[PDB]
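Shown below, as structure tokens, is a lone chain in the form deposited in one PDB entry; questions about how it binds or moves come after it.
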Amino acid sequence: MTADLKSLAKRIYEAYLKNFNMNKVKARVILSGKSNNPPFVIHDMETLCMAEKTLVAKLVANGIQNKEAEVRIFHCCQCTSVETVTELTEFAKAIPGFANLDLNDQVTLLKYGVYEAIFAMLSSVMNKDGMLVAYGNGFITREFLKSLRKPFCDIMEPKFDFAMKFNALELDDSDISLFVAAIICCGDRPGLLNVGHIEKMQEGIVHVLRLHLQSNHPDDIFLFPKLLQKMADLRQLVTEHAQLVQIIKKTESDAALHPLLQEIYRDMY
């Protein structure tokens, strides 16, 4: 007559496999070079423009009215975030207690948590040379993103830096699913109404995470505190990312921000 924490961990993992279009196994199969619709490599302007014509044709169907390359890239980044936000919102229903919260608290938790979760999961599609994009159908190089004009070259590099260290922890999907659930369940988000119930939701999911890591990673006795630190690092990465997005908003008139993301950023930090 106790909670079955192993079963809860499996429920979380299954919800993550169902709700996210990309997972670490799927990404690694693509990244390894394994036969139908392999990713198109974007390493320079020529290959960016070829990939766009095949994979996002509408965005470049405007002739002389097409936006600048960097702005098109930023638009594609935002489309990816909007999709991942939708996936995270459905995933969160699997977290014990989340769907029992008031709707406004669900919204606040997702508002602060989504970009932390986005950058954690992005590590799964990154290696030291580049990252998968467009539902696994493109691979854009880290050097190409660094070559973009300021401020757009400053978007991805800190995320690659985070990812290389995160990937060295050698987490699998069963671990990452619980880490993402724990990110969402933070009782210290600004503006929460029912802090007490959220704190107990957080305690429960972090307990599931700690026990799972103990079992799944017997070789790394500090993995749990390492991941607690990664959550704090992600909060700082998101604060800095939001500051850069605000610079883009103020100084780049063509880089329209999608309304869902503007709402996430509004009053965030």
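Take the two forms, superpose them, and find the largest set of C-alpha atoms that agree within 1.5 Å; that set is the rigid core. Throughout, we count residues from 1 along the sequence that is shown.
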For this session: Determine, for 38-46 and 232-240, which one has C-alphas that on average lie farther from this form in 9 other deposited structures of this protein; superpose on the rigid core first.
Result: 38-46
Exercise. Which of the two stretches, 102-110 or 89-97, moves more in 9 other deposited structures of this protein when the core is held fixed, judged by C-alpha RMS distance?
Worked result: 89-97
Exercise. Of the other PDB entries compared that resolve residues on either side of residue 227, does at least a third omit it?
Worked result: no
Exercise. How about residue 64: is it missing in a third or more of the other compared entries?
Worked result: yes
Problem set entry | Length class of the unmodelled deposited segment, which would lie between residue 58 and residue 59 | none
Problem set entry | Mean Cα B-factor comparison, 89-97 or 171-179, giving the higher one as deposited | 89-97
For this session: Could you check the entry and say whether 232-240 or 64-72 has the higher mean CA B-factor?
Result: 64-72
Seminar exercise, completed: Based on the PDB entry, the highest CA temperature factor among the options 127, 137, 78, 104 is that of 104
Seminar exercise, completed: Looking only at 188, 116, 157, 143, the Cα with the top B-factor belongs to 188
Problem set entry | Relative C-alpha B-factor of residue 207, binned into the chain's lowest, middle or highest third | highest
Exercise. When the modelled residues of the chain are sorted by Cα temperature factor, does residue 123 land in the lowest, middle or highest third?
Worked result: lowest
Exercise. Going by the entry, which third of its chain does the Cα temperature factor of residue 201 land in?
Worked result: highest
For this session: Taking the chain's C-alpha temperature factors as the reference, tell me which third residue 184 falls into: lowest, middle or highest.
Result: middle
Problem set entry | Third assignment of residue 226 from its chain's C-alpha B-factors | lowest
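Only in words, not in the display: the form deposited with a partner chain bound, which the text now covers.
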Exercise. Using a 4.5 Å cut on heavy atoms, which of 189, 159, 111, 197 is close to its partner chain in the deposited complex?
Worked result: 111
Seminar exercise, completed: None of 85, 148, 71, 122 but one has a heavy atom within 4.5 Å of its partner chain in the deposited complex; the exception is 85
For this session: Classify residue 106 as contacting or not contacting its partner chain in the deposited complex by the rule of any non-hydrogen atom within 4.5 angstroms, answering yes or no.
Result: yes
For this session: Please run the contact check for residue 260 against its partner chain in the deposited complex: heavy atoms, 4.5 angstroms, yes or no?
Result: yes
For this session: Give a yes/no on whether residue 100 approaches its partner chain to within 4.5 Å in the deposited complex, heavy atoms considered.
Result: no
Exercise. Does its partner chain come within 4.5 Å of any heavy atom of residue 90 in the deposited complex?
Worked result: yes
